[PDB]
Amino acid sequence: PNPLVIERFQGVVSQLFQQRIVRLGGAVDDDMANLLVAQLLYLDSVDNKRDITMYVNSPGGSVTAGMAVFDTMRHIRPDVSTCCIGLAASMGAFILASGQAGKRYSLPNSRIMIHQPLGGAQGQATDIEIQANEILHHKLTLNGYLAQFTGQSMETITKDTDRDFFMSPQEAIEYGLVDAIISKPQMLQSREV
Amino acid sequence: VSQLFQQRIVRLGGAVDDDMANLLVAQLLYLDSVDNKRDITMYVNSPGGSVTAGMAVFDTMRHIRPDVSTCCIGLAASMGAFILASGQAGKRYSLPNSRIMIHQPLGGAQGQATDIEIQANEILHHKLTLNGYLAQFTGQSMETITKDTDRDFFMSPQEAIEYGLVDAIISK
Amino acid sequence: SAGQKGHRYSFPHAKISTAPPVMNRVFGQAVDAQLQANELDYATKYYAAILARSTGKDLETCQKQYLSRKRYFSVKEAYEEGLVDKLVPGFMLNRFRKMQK
Amino acid sequence: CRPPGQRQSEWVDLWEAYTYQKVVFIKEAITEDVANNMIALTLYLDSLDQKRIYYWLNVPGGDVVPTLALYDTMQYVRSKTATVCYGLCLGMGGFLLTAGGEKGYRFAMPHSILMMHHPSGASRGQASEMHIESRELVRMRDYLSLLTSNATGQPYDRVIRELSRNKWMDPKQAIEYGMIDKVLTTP
Amino acid sequence: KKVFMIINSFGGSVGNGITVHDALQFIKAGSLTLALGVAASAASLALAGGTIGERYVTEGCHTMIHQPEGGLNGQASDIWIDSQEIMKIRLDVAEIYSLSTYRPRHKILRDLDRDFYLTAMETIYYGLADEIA
Amino acid sequence: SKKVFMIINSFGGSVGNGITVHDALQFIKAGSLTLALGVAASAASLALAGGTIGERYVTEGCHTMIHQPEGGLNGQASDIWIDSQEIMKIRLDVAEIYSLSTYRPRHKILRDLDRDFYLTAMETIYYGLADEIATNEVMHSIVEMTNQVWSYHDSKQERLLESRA
Amino acid sequence: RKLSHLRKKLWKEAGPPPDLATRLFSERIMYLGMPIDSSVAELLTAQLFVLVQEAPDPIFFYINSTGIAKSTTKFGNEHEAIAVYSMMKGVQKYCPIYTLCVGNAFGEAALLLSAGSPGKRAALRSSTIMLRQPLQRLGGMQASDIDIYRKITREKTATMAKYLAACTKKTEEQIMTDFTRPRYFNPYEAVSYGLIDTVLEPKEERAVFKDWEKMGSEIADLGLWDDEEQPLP
Amino acid sequence: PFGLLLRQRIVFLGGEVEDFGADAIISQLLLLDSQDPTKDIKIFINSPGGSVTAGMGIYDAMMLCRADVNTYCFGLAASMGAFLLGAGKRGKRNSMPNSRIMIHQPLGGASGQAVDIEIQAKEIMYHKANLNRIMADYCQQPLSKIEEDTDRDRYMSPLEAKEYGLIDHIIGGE
Amino acid sequence: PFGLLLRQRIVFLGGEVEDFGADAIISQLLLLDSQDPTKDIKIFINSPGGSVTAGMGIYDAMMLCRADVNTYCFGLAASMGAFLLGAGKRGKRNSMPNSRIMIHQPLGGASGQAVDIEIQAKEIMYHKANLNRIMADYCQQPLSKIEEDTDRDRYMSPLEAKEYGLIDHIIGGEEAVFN
C-alpha cells in the first residue's frame, strides 16, 4: 500500500527480470496477466535458448487471464520452469503444472491447491444457459490439461478437483503436478540410544 | 526528509506506529553504517504511539554507536517523551516553548478471561519497564516516577531540566 | 423563572443555566447577517423582559447577568437570584428521614 | 396479504385467523426470529388441545439451528403434524417439508418447487476452534441426513451422495423420491 | 362468490406469478381477473390464471411476457445445476402460457426469449385475456 | 399500600440521570423499596441508594459502581472553564449524595469517585449503598411483600371481575 | 379466591387478545427464545412477577437461546442472566417452574435451564447444553481499565460457578476446570452432572444407525503404496 | 532508507505479513541469493504476524538461501515473526532486550459450507502440525510443550525466549 | 520558483499551519541560519491559524535565528499567523495595505474522566497566558489590554495593527489602505 515500498518492490522485480525470473503474484486478472505476457514475450525476444524461471505465488484468478499466461508460456521458445513458493491455488496450480515438463519445481513447505472453476452467471434464462455452458467448458479444458500434465486419467482429476484439493509438495510430486522439491541438505541431528 | 536526513537528522514526528518505527529504525541503522562516531540528532514532536514501536526505537537508539541526541520541538507526550528522555546523557535538548507530557500506557483487549488477563499483565509489564527506564534516565525514584506517570503530567522545559528529562534548552 | 412567584420548584441537584440566544448557520450578504442580528436582539430583549419580571431586577441588568454569557446556577445560586423559589413539596432525604425515625 | 378476515364475530388478522384453525403459515426463510415465532405458536397450539397442526410452507431457505429447533418442537408436541407446500420449499424448508406427518400427510401444490441441500455454515478462529466447529457441522450434516433418509425412505449413503450439491424436484419427482406423499389438486 | 382479481403490476419474480396462478386454480368457484394499466410477467401469469371466459383487460393495459431471471454464484457444477433449474422454470412458464393461449408451446418459448409487449387487443388475441372493459 | 418498588439492573447511564431518579425517589412521601439485581453502575447505583433505608436490597451476584461522571467539552476557553466547573460541581453533588446515603467521609467518597470503584454485595452493604444482601430467603420475603402490597388492588380487581362476569 | 378469577380474566380479558405473547402469558408459558439482553431480562422479570401474583399455579419455561449472543456478534453482559436467575430462585418457593430446553441452551441460558424447580427440569434428547468458555466479547476498554477489569471478569466467572454448583450440587472446582473450554453436554450427560432432572425422548424416534457406512475391508497389502485420493463421505 | 540497507544485505520484515508484503520479501530473498551465494543476509523482524500461507512461503525462501540468514527482532515478533525469527541459522538469532516474542497457532479464512469447512480444517490441522514440528525442531524441544505453549498466547521477554530456544543472543546481554 | 526565493532567503508560510508544516519551516530557517548568519530572512505569512504547538515551534525557530527575521503578511493572518508576524524583529515587520490581521484565543476540548478535562482546561489556560505574555512585550501595550483584546473576535486593517503595535510598516505607504 506504500507507493515508496511499491517502488522498492518494483526495483527488486526489475533486478530479477534481468535474470529471466518472472513473477506470478496475487490473483490472476487481466492487467497482471497482460504484464506477465509482455515479460514472457520480451524474454523470448532476447534469447531463444536460455531457460526462463517463473516464480508462482497466487491464491487464484480468472480462467481466461490464466489461460493467456499459460498459452504465452507454451508458445515461446525457451523452456519456462515454474516454481511454487508460498501457495499456488487453482490457477497458480494450473500454471505451475503447465511449466516445462521436467522443470516444475516447488519449495518443500509450499501448498498446491486445485479445484474446479469458480465464477458466476446473471441475466435472463438463456444468458444463464450460455454462461453455465462456458463455465463448464472452462472446467472441461482445465481438467483435460491437468489430466494431460499430471499423467492421471481425466476421471481421476475430475473427481479430485470437484472440491478444494490441498496438497503438500511431496504429495504433489507423487500426484503428478510438480517434478522436484528444492531443498538443501540439513545437518543430521543425532539422537540417543 | 532527505534534506534533513543527510544532516544526520532523524525526525520522530507525529504519533508513533509500527510503520513510523520501521522508518526510524531503518534511518538509524543506515546512519550508524555510514559513520559510527559523528553524532546523530533527532527532532521529537509526537503525542504518543504504540509502546512496542517506541520500545523498538529506544533499543535501536541505545545499541547503535553514534549518540542519538534528542531535541524536542513542539511537544513530547508520554511515548515521544520517553524517547526524548532516552537521548544520550548531556544531549537531551528542548526548545524554550515546548511541552513535555508523561502518562501510563494504553490499549485494548478482547477474548476469554485468560487472554484478556494476559493482556492485562503485559500492560503491567510495559508499565514496570517504562518506570524502571525512566528511573534510570531522570534519577528520581520508582515511587515519584510512578506517581508522575499515573496521571497526566504536563511539564514545562525548565521543570524537565530539574526533573531530569532534558539536559538544556536551546535559547542559544 | 416565568412561573408563579412562590411556586417554582426544582430538584436539589437540578442544574440551571442561562445562555445568549443562538441562530443557525445561514448564508448571504452582510444584509442577511444584519437581519439575523436584529432578530436575535429582539429575542434577547424578550428573554431579558421575562427575566426582569421574574427575578425582579433592572431590565438591562438581567440582560447583563444572564443572557450575556453562558452562566451556570446551582439550585442555591438560582434561588439567590430569583430563578427558583422552592424545592418540590415534600422533598425529604433518606438519611434525614432515618435520623428523624 | 394484510386484510383482517372476519372471524366468529369480529375482525381478526389473516394469519391469526388461520392459527385459530390450527393452520400455521410459514412464509419467510427460517431465521432466528421467524423460527422462534413458529416454535412459540406450535407450543401454544398444542397447549389449546391436541387435534393436528397443518403447516403451509413457502420457505425459500433458512438457517440450520433454528430449523432444527422448529423440527424438534414439532416432534415434541402431542398433536400430530401435516405439512403442505404452497409455492416452494428450499433447503431447510425442504427439510421441514419432511418434518411433519411421515404417514402420508405431506402435500404440495402442482407447481411447487422442492430443493434439498446439505446444511451450510461458516466459522473461523484458532485452529482448534475450527476443529470444534467443523466436527459440530459434520455432526449436523449427519443428523439432518439421518432425518431425511428416515423421512423419505432413501438409503442414508444415497442421501449423503445426493445432497452434497443442490437437489431440485418437481412434485412428481418428489413423490417418486419419497419426499412428499400427495399432490394437491382442485379437490 | 368468485374471486375478482384486479391486476396492475409492473413486475415481480416469475416464480411468484406461478405461485399465485396455482393459488387461483386451487379454489373451485371461478376467478375473474381484470387487468388495469399493466400486467407484467408475475402478474401476466395471474391474469392468464383466471377463468377462461372471465378474464378482462382494459383498453389502456399492456401485457408483459418474458422468461425468468436469475443470478447464480458458486463452483462450475453449482452453476450447471442452477442453470438446469432456471430452464425448468422457463419450461413450466411456457407450459402455463400454452394451457391459457392454446398456442404451440415452442412458439410461446420463442416469444418468451426477450421482453414481449402486447397491447390490449394483442392480449385478447394471444389468449391471456378474453374481453375488453 | 403505596410504597414504590424499583428493580435495578443497569450497567450504565449518565450520572445526572441517576441523581434525578435518586431525588425523585426522595420526594415520594411513602417508602421506597429498591432491589438491585446483578449490577448497578453509577446512575443505577444512585437510584439504589435512594430507596428507603431498611429497604435497599442488593442480590448476592450484584455489583454496584461508585465513579465520577464521564464528560466531554467543546467550546472557547471560557466555555472550557465554565463546563469543567459544571463537571466538578456534579462530582461534588455525587459526593454529597454518597455521604448522605452512606455516612462515609466525602474525602474518601471523592477518592472512590476518582478511580472507578466496583463493589460486590457484601462490600456494597459495607459502604452504605444497600442495607441487606438479597439472598434467596430475602428474595422470597420481597416477593411476599409484593404479594401483600399488590393484593389490595387484586381484591379491588376481584370484585370488579365478579361484577362483570 | 384467585383461581376463579384467572378463569374470569380468561372469559373477559385474556381470550380475545390477539398477540401470541398475550396468549402465551395467558397459558403461563414464558418462551426465552433470543440472546438474553437487558430488555429481555426486564420483560422476564415483569412476566414472572405478574405470574406469581396470579396464582401459586406452575409456570412453563421454554429455552431456545444462543447465550447472551453469538460469538460473531457483540455480546451483552452476564448480569442479565444473574438477574433472571435470582428472580426465578425467589419465585420458585411459591410457584413450580418447569424449565424445558428445546433446541439449544448456550452458556448463560444453561443457567436459566438449570434454575427450574428440581425434578421438573428437562431438555429434549436432541438438544445441547453448553457451559461455554468464559466470557465478555466486549473489547472496547483501555489500559486505564485494567485495574478494574480483572476484578470484574473473575467477579463474573466465579459468580456463575457458584450458582451452577447451587443447581448441579457439584464442586465449584470442577466447574472452574470445565469453564476453560466450551463443554457442551448431551441431555443424559446433563442429568448425570445435574443440570436437568429428566430427558424428553420423543413419542416416536426417526433417525436410525449410520454405522452401515463403515468399510470393514482388509488391511492394506504391504506392497501397495496408496495414492493421494482425498475423498469425502 | 530501506533500499540503502538492501545494498548492505538487510531485509525488513516489518508490519503485518500479508500477500503483497510477503511476496515482496520472497522476491528480495531471491534477489539476495542471486547477488552473492556467500555473504550474510540479515532480516529485521517487527510484526504482529499475518497469514500462515505467506509466512510459510517466507520460511521456505529463508531456507532456500545458500547464504547464511541472521534474524534480529525489533519490538514485536508475534505469531509469524516469531516463527520466522527462530528460522535463522542456529547460533545467529538475536533480539532487542525490550522486544516481545509471542508464539501462536495459525488462523484460517472462510468460503463456504460444511464440506468446504472440512477442507479448511484439514488444511489448518496440517499447518498446526507442521508449525509445531518445525518449531520443536529448531528449538530442540519436545512436541508436547510446544503444542502446550502455542495454544496459549503468552508474550515472552528475550531472556525467557532465549531459555526457550527461539533466539541465540540478546544485543547488550540485557 | 520557491527554490529561487529560498535562495533569496525568503520563506513562505502559507495556508493552515500544522505539525509537519512547522517542522518543514523550522528546518528552512535553521538551514538559512547555518548557511549565512549576517543576512536577514523574510517570512511571508498568509495563514488562517494553526496549532498552538506547531505555532510555538515555528516561533522558537524564529527567535533562535541570528539573522534578523522580518515578516511580511499578505491577505490573512488569523490568531496564529498574526502572532508569528508579531514575532518578527521590531521595526522589520511589514504588511500589505489590505491584509486582515486577527488576534484570538485557541479552541479545544476534553473527554472521559474529567481529570483529563481539568488538565486540558489548565493547558488551554497556559496557552492563553504564554501567547499573551510575548504578544504584550512586542506590541508594547499593557498585558491587561492584550489579554482583553485576544479575547475579542475581530479583524483589523494593517493601519489599526500598526497603531496597535503589532506590525511596523505597511507596504504601499498607506495609499491603498481601505477600511
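Chains as they are written, first to last, in the entry's author numbering: chain D, 42 to 234; chain F, 54 to 225; chain I, 124 to 224; chain L, 41 to 227; chain M, 346 to 478; chain J, 345 to 509; chain K, 1 to 233; chain E, 17 to 190; chain G, 17 to 195. From the three backbone atoms N, C-alpha and C, an ideal C-beta is built for every residue, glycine too.
With respect to chain K, the C-beta atom of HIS484 of chain J has a partner C-beta closer than 7 Å. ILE169 of chain D carries a helical assignment under DSSP once its states are collapsed to helix, strand and coil. DSSP places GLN174 of chain K inside the alpha helix (DSSP H), whose first and last residues are 172-179. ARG181 of chain L counts as buried, since no fewer than 16 other beta carbons sit within 10 angstroms of its beta carbon. The criterion of a C-beta distance shorter than 7 Å is not satisfied by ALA38 of chain E and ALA83 of chain E.
Looking only at K:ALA190, K:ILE152 and K:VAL102, the smallest Cα-Cα distance to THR198 of chain K is reached by K:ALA190.
In this structure, the CA atom of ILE172 of chain L is about 10 Å from the CA atom of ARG164 of chain L. Residues of the region 40-58 of chain K with a C-beta less than 9 Å from any C-beta of chain L: none at all. In terms of beta-carbon proximity, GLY179 of chain I stays away from the interface with chain J, with every pair separated by 7 Å or more.
Within its own chain, the residues whose Cβ lies closer than 8 Å to the Cβ of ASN184 of chain D, once the five positions on either side in sequence are excluded, are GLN157, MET195, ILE198, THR199 and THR202, listed in chain order. A Cβ-Cβ distance of about 6 Å is found for the pair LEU81 of chain F and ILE117 of chain F, placing them in contact under the 8 Å criterion.
Put simply, the region 156-167 of chain I does not touch the region 62-78 of chain L. Fewer than three CB pairs are less than 8 Å apart. In summary, the residues of the region 124-157 of chain L whose CB is separated from some CB of chain M by less than 9 Å are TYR126, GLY127, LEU128, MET149, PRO150, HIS151, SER152, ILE153 and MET155, in the order they occur in the chain. Distance from the CA of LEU473 of chain J to the CA of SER358 of chain J, rounded to the nearest whole angstrom, comes to 18 Å.
Residues of chain E whose Cβ lies closer than 8 Å to the Cβ of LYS225 of chain D are, in chain order, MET79, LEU80 and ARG82.
Look at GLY37 of chain E here: in three-state DSSP terms it is helix.
In the three-state reduction of the DSSP assignment, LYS222 of chain L falls in the strand class, which pools E and B. DSSP, read as helix, strand or coil, puts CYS185 of chain I in helix. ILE140 of chain E is positioned such that its CB atom lies no closer than 7 Å to that of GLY128 of chain E. Listed along chain E is no residue with a C-beta nearer than 9 Å to that of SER131 of chain D; the closest approach is about 12 Å. Shown here, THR468 of chain J sits in a helix according to DSSP, grouped into three states. Within the DSSP secondary-structure output, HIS185 of chain G pairs in a beta bridge with G:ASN110. Going by DSSP, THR159 of chain K is part of the alpha helix (DSSP H) stretching over 146-168. With contacts defined as CB atoms closer than 7 Å, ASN110 of chain G and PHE90 of chain G fail to qualify as a contacting pair.
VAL487 of chain J and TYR401 of chain J do not touch by the CB rule: their CB atoms are close to 12 Å apart, not below 8 Å. Where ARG64 of chain F is concerned, the enclosing beta strand (DSSP E) starts and stops at 62-66. Unbroken beta strand (DSSP E) stretches of 3 residues or longer found wholly inside the region 121-187 of chain G: 125-129, given in chain order. If you ignore the 5 residues before and after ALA69 of chain K, its C-beta comes within less than 6 Å of the C-beta of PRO35 and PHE75, all in its own chain and listed in chain order. A Cβ of chain K is located within less than 7 Å of the beta carbon of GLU170 of chain F. About 16 Å separates the Cβ atoms of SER174 of chain L and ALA145 of chain E, ruling out a contact at the 8 Å cut-off.
In the three-state reduction of the DSSP assignment, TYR58 of chain L falls in the helix class, which pools H, G and I. The three-state reading of DSSP puts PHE355 of chain M in coil, since its state is none of H, G, I, E or B.
Sequence-distant Cβ neighbours of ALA14 of chain K in its own chain, meaning closer than 6 Å and more than five residues away, are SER26. Comparing alpha-carbon positions, the option among K:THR128, K:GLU172, K:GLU204 and K:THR73 lying closest to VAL102 of chain K turns out to be K:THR128. The beta carbon of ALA83 of chain K falls within 7 Å of a beta carbon belonging to chain J, placing the residue at that interface. Just measuring C-alpha positions, the residue of K:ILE148, K:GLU229, K:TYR62 and K:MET88 sitting nearest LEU100 of chain K is K:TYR62.
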